[PDB]
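Protein chains in written order, with the deposited numbering: chain 1, 10 to 65; chain X, 87 to 171; chain z, 61 to 151, 240 to 312; chain H, 53 to 254.
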Amino acid sequence: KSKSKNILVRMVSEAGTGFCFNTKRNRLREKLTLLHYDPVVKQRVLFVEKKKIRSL
Amino acid sequence: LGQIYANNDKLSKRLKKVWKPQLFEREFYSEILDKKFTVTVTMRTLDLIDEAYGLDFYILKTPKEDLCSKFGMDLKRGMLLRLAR
Amino acid sequence: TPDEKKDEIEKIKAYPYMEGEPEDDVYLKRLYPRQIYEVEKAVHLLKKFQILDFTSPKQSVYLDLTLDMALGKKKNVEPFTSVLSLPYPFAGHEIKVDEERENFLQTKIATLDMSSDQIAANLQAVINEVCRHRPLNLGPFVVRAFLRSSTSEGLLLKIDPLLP
Amino acid sequence: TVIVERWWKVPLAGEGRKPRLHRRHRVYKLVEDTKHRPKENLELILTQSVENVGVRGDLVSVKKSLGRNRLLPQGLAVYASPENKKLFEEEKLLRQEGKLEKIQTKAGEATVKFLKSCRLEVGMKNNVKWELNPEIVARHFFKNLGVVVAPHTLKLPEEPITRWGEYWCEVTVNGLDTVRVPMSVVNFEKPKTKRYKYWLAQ
RNA sequence: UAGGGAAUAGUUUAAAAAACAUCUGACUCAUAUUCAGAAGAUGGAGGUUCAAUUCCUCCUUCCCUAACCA
RNA sequence: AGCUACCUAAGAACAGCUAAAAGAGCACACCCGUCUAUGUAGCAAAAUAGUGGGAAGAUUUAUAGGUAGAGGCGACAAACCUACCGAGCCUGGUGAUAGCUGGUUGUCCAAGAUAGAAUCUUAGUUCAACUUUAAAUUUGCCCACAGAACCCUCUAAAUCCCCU
RNA sequence: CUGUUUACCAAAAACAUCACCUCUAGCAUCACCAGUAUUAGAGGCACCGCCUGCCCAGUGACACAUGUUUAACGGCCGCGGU
RNA sequence: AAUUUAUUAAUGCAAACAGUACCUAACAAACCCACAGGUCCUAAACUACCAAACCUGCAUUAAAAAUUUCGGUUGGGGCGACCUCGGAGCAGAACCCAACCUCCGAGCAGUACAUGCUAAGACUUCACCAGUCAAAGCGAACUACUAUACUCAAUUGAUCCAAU
RNA sequence: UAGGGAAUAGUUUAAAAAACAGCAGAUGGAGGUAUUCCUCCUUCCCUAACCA
Ligand SMILES: [K+]
Ligand SMILES: [K+]
Ligand SMILES: [K+]
Ligand SMILES: [K+]
Ligand SMILES: [K+]
Ligand SMILES: [K+]
Ligand SMILES: [Mg+2]
Ligand SMILES: [Mg+2]
Ligand SMILES: [Mg+2]
Ligand SMILES: [Mg+2]
Ligand SMILES: [Mg+2]
Ligand SMILES: [Mg+2]
Ligand SMILES: [Mg+2]
Ligand SMILES: [Mg+2]
Ligand SMILES: [Mg+2]
Ligand SMILES: [Mg+2]
Ligand SMILES: [Mg+2]
Ligand SMILES: [Mg+2]
Ligand SMILES: [Mg+2]
Ligand SMILES: [Mg+2]
Ligand SMILES: [Mg+2]
Ligand SMILES: [Mg+2]
Ligand SMILES: [Mg+2]
Ligand SMILES: [Mg+2]
Ligand SMILES: [Mg+2]
Ligand SMILES: [Mg+2]
Ligand SMILES: [Mg+2]
Ligand SMILES: [Mg+2]
Ligand SMILES: [Mg+2]
Ligand SMILES: [Mg+2]
Ligand SMILES: [Mg+2]
Ligand SMILES: [Mg+2]
Ligand SMILES: [Mg+2]
Numbered sequence: 010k011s012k013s014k015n016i017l018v019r020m021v022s023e024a025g026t027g028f029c030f031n032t033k034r035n036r037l038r039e040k041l042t043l044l045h046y047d048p049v050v051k052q053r054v055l056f057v058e059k060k061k062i063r064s065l
Numbered sequence: 087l088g089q090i091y092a093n094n095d096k097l098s099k100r101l102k103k104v105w106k107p108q109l110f111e112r113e114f115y116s117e118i119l120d121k122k123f124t125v126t127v128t129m130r131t132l133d134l135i136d137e138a139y140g141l142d143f144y145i146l147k148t149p150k151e152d153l154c155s156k157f158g159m160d161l162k163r164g165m166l167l168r169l170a171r
Numbered sequence: 061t062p063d064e065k066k067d068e069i070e071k072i073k074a075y076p077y078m079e080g081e082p083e084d085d086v087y088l089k090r091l092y093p094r095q096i097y098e099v100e101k102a103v104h105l106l107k108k109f110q111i112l113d114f115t116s117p118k119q120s121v122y123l124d125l126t127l128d129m130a131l132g133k134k135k136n137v138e139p140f141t142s143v144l145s146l147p148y149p150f151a240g241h242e243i244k245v246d247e248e249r250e251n252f253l254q255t256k257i258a259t260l261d262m263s264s265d266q267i268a269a270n271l272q273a274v275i276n277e278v279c280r281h282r283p284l285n286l287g288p289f290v291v292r293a294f295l296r297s298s299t300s301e302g303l304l305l306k307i308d309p310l311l312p
Numbered sequence: 053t054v055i056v057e058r059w060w061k062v063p064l065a066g067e068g069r070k071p072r073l074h075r076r077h078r079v080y081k082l083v084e085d086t087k088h089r090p091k092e093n094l095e096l097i098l099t100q101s102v103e104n105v106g107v108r109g110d111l112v113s114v115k116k117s118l119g120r121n122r123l124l125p126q127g128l129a130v131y132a133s134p135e136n137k138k139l140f141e142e143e144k145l146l147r148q149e150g151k152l153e154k155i156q157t158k159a160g161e162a163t164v165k166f167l168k169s170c171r172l173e174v175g176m177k178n179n180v181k182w183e184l185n186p187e188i189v190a191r192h193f194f195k196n197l198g199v200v201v202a203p204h205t206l207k208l209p210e211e212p213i214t215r216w217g218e219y220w221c222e223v224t225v226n227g228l229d230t231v232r233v234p235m236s237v238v239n240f241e242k243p244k245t246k247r248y249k250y251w252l253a254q
């Protein structure tokens, strides 16, 4: 319980579609920017971390 | 006379609760009866008398089910008898 | 927003004021709000007082301005000294600030003999000069304005038209 | 007044039938206690002249405590009913045009009462030769006594005053009441000097 | 029989430091006190970690508690 | 509150001896109930015989009244409050509820014994499994070869699959 | 000490008790009381005799600026050597 | 112990209820003025207090109480220990298999960011719930990557409800 | 967890200075137009949550 290493964050598409997916990242690393498939536009686009959902 | 849920949460205890009106002793004057009465009233009664423009109008206008007072109904009979005679 | 500073700003806004002389010929000042407004009339009246209360024809018009020098955000702006010469410099002039920081600024405008139009122009220049510190539309910068001579009481000017 | 509502829904009874009330329908929640509401004013028509509220025929909005506990019981005011409004409205036409005489406004009576019991200190400077005229004297009411006097209303003794002394000013309030106030011409002292000299000293 | 805790210099404590004891010197006629120096330790065994008194495990010594109802 | 606990009003009783002062001693009436035997459906739902404690006092006692069960009263024994008070009695809610025990009424025939899972659950339930009835249409059981692992010490008895 | 108790298995070392002590209260027309701090009430302990030691950190109570208070609840030490 | 303050008491606010008061630190440097004082170098702006109790409403803190509960396994109960998940032996060869039996572990971590979508056929911890593997297809990747349901044994939590 | 606020020398303050602690010494970190403007992150505080 006390131990804490990673966190769950919401990655939001930069295409304006509003599509989001959750990923795990290290707490001590910088905010993630990822290239991920967006179903709305049907092609890989940039995703940027917005909020931390919970501590993993 | 009713019940309440503690902290307005239904999942908490149900308690007995009585809400009492704030009572005031005031003096009123009747034009038709030309007499002053010391009557225990509520702030609502004072508001209703103001909207009727006097005690006489309030007593004469208000139906029995809204007066909710035997004394009020006796005043009505007194005023009506003086008007009738 | 400290309670006292913000509450006074609310209070000073509350002070009532009225347009035109009341109907009554003779009326106690207490019974009616402040009345005299127009900047032109105000200068003319200050000259009238000078004649009635025998005093120097030339006097310093120490316009005191209750300028909301605070409440830009919940964080308040600070007192500075934006120096600009008036259109007709009286016989740059510093816009000094209050020591108590109650937002009133004692800033001479013109000598009494200066023509109403010149004093009116001198007034408008300061209005822009004072807002220079916080010329934001976010927070209103001016509340009240009292145009007083040295030996006369302050008169509540209608500064609202001249604000922008 | 306590206003309550039920926690539990009451089933519809339909036309001409009484609701079926379970014991659960006795559980109430406090919607509002109307004693804590902001107080509204009571609109009354004055019959006599009250010191601060107004004068006969004036529609005044007073605190319910004042009207109920003082004005209405003592006959100073009446309810602003349609009928009373008409009765007083008819009077205000007769006063304006008819035989009924015009009467002071609320402020007029207040000034008259103050002007009856006040003395004007017309401070005049020693250095400059001064002649007392209605306009100069009018200024001193504002500064000293706080009264805003129109220049035309003032009637001076009509003897030119250039020497320190005592005289009389006859003030007319709204054209009906003429008051004669004591006049004390004195050497002018600046506000700061006069307050430090006497108010602070004693 | 069951359960919890503890082990640090010769001694007693601390989170690898102090105190004395021990040794060296100075002061004293000499001793003590004092002053200036010096050394010395993480019960045992095994393992993780670059690094373990400080993370775990078994054993030894000791302490404390429980060992009942008919 | 006709028993009993405490209280209120107004009553009553207390020989003899010692000391003569007594919440003093001896000792009747009277109150209590220490010890033993008897009795144990008894004479008695607490008694009898003897023996004992007290007996002018915080004594005993007749009469009427008061305090009532979420309570009273108590020199606290969890005493006593109409023979049974860890909180009276009666009536009602009430056919309280009981996974617990007991009981469950004519004749005759037939099929019929049981992997387990979860559960404040292991004195019980629900789902599986087994068991019963009716119906549908097609394989069920027994089994020939061939076939189902290396790592590892018992190279086990066997099983699985399976046409005929 | 006399006294009191489990009517119906306990009469006692249990309770009460004179005494001692702590706490609360400055007051009247229904108890207390037709009373007024040498009083009244809430408790502890148990005549008398010699005494009643240390502790207010914790809990409680009181008091507020720290704090006060054990005849309040309670507590009242080790290891090694000579 | 959980839940609660209806009730009682205190305090706060609201509600209700009358009015008493509204504010003073110059100074001439020059000049004027017989004084007393004035001109210039500011003589502005600006209201405060405030009704004791009783009663009612809403809060807060206490007191005194109320309602309800006090898990299971267990070579009787208690004490101790244990309660879910995975690997191995017992259980030698399809599956399954217990003891407060014998041993060792888990309550993550790391790399991806198509751990995208969709869909035949199957497995299944003896029920259910849950869990597991997948051709083809779409879209990607791709003509160097034991590339296509990531490495990994377990590495985990239903419904309601809450947040969004 | 949510916002609010805060961060100066080892420590505590000031507008780049003093005081303590031991002549050294600082503007939590990063980025941008500089303790003094803004932004993200770390640490801490405050306040409210921490239900099912
Ligand atoms: K009785
Ligand atoms: K049986
Ligand atoms: K059962
Ligand atoms: K006895
Ligand atoms: K204490
Ligand atoms: K056994
Ligand atoms: Mg009796
Ligand atoms: Mg008696
Ligand atoms: Mg005798
Ligand atoms: Mg005796
Ligand atoms: Mg005797
Ligand atoms: Mg007794
Ligand atoms: Mg006892
Ligand atoms: Mg007992
Ligand atoms: Mg009985
Ligand atoms: Mg039954
Ligand atoms: Mg058969
Ligand atoms: Mg359960
Ligand atoms: Mg079973
Ligand atoms: Mg076959
Ligand atoms: Mg007995
Ligand atoms: Mg007895
Ligand atoms: Mg006996
Ligand atoms: Mg005793
Ligand atoms: Mg004693
Ligand atoms: Mg003692
Ligand atoms: Mg020895
Ligand atoms: Mg439980
Ligand atoms: Mg059990
Ligand atoms: Mg056992
Ligand atoms: Mg246990
Ligand atoms: Mg299955
Ligand atoms: Mg495929």
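Beta carbons: idealized from backbone N, C-alpha and C, even for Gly.
According to DSSP, simplified to helix, strand and coil, what is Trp60 (chain H)? Coil.
Nearest candidate by alpha-carbon position, reference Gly198 (chain H), set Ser236 (chain H), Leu184 (chain H), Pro134 (chain H) and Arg171 (chain H): Among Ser236 (chain H), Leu184 (chain H), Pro134 (chain H) and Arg171 (chain H), the Cα nearest to that of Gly198 (chain H) is on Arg171 (chain H).
From the DSSP output, read off the bridge partner residues of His241 (chain z). DSSP, once it has assigned bridges, lists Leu144 (chain z) as partnering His241 (chain z).
Grouping DSSP H, G and I as helix and E and B as strand, with all else coil, what is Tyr139 (chain X)? Note: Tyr139 (chain X) maps to coil in three-state DSSP.
Along chain z, in chain order, which residues have C-beta atoms closer than 9 Å to that of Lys61 (chain H)? Chain order gives no chain z residues near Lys61 (chain H), where near means a beta carbon separation below 9 Å; the closest approach is about 45 Å.
So which residues on chain H does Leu132 (chain X) lean against when the C-beta distance must stay under 9 Å? Per Cβ cutoff of 9 Å: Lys116 and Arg120.
Return the residues of the stretch 77-105 of chain H that lie within a Cβ-Cβ distance of less than 7 Å from chain X, sorted by chain order. Considering only beta carbons, the part of the stretch 77-105 of chain H lying closer than 7 Å to chain X consists of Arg78, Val79, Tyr80, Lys81, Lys87 and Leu94, in chain order.
Determine whether the beta carbon atoms of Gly88 (chain X) and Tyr80 (chain H) lie at a separation below 9 Å. Yes, these two residues count as a Cβ contact at 9 Å.
Alpha carbon to alpha carbon, how far is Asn35 (chain 1) from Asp308 (chain z)? Give it in angstroms, no decimals. Approximately 58 Å, taken between the alpha carbons.
Reference residue 276 (chain H); option with closest CA among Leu184 (chain H), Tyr248 (chain H), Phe194 (chain H) and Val223 (chain H): Given that chain H is displayed from residue 53 to residue 254, the structure contains no residue 276 (chain H) and the question cannot be resolved.
Considering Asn276 (chain z), what are the terminal residues of the alpha helix (DSSP H) in which it resides? Segment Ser264 to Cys279, the alpha helix (DSSP H) holding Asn276 (chain z).
Could you compute how far the alpha carbon of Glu100 (chain z) sits from the alpha carbon of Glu247 (chain z)? Their backbone Cα atoms lie some 31 Å apart in a straight line.
For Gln89 (chain X): DSSP bridge partner residues: Answer by DSSP bridge pairing, in chain order: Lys102 (chain X) and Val79 (chain H).
With a cut-off of 8 Å on the beta carbons, I'd call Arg72 (chain H) and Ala65 (chain H) a contact; round off their distance for me. 7 Å between Cβ atoms; contact.
So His104 (chain z) is in the alpha helix (DSSP H); what residue range does that whole segment cover? Counting along the chain, the alpha helix (DSSP H) containing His104 (chain z) begins and ends at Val99 to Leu112.
Just to confirm before moving on: does the CB-CB distance between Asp85 (chain H) and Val105 (chain H) stay below 9 Å? Annotated as distal: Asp85 (chain H) and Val105 (chain H), with beta-carbon spacing of 9 Å or more.
Contacting residues, own chain, Cβ-Cβ under 6 Å from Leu94 (chain H) (five flanking each side not counted): These residues qualify, in order along the chain: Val114, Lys116 and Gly119.
Are the CB atoms of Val86 (chain z) and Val225 (chain H) within a distance shorter than 9 Å? Yes, these two residues count as a Cβ contact at 9 Å.
Does the distance from the C-beta atom of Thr42 (chain 1) to that of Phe30 (chain 1) stay below 9 Å? Going by C-beta atoms, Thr42 (chain 1) is not nearer than 9 Å to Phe30 (chain 1).
Verify the CB distance criterion: does residue 314 (chain z) have a CB-CB separation below 9 Å to chain H? Only positions 61 to 312 of chain z appear in the structure, and residue 314 (chain z) is not among them; the question remains open.
Quick one: using the 10 Å Cβ neighbour count with 16 as the cut-off for buried, is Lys246 (chain H) buried or exposed? Classification for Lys246 (chain H): exposed.
Check whether the Cβ of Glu113 (chain X) lies closer than 9 Å to any Cβ atom in chain H. Yes, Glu113 (chain X) counts as interfacial toward chain H.
So is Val18 (chain 1) buried or exposed if we call it buried at 16+ other beta carbons inside 10 Å? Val18 (chain 1) is buried by the Cβ-count criterion.
For a cutoff of 9 Å on Cβ pairs, would you count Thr224 (chain H) as touching chain z? For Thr224 (chain H), at least one C-beta of chain z is nearer than 9 Å to its own C-beta.
Checking contacts by CB at 9 Å: is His74 (chain H) closer than that to chain z? No - not a single Cβ of chain z is within 9 Å of the one on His74 (chain H).
Leaving aside the five residues before and after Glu92 (chain H) along the sequence, list all residues of the same chain whose C-beta is less than 6 Å from its C-beta, in chain order. There are no such residues.
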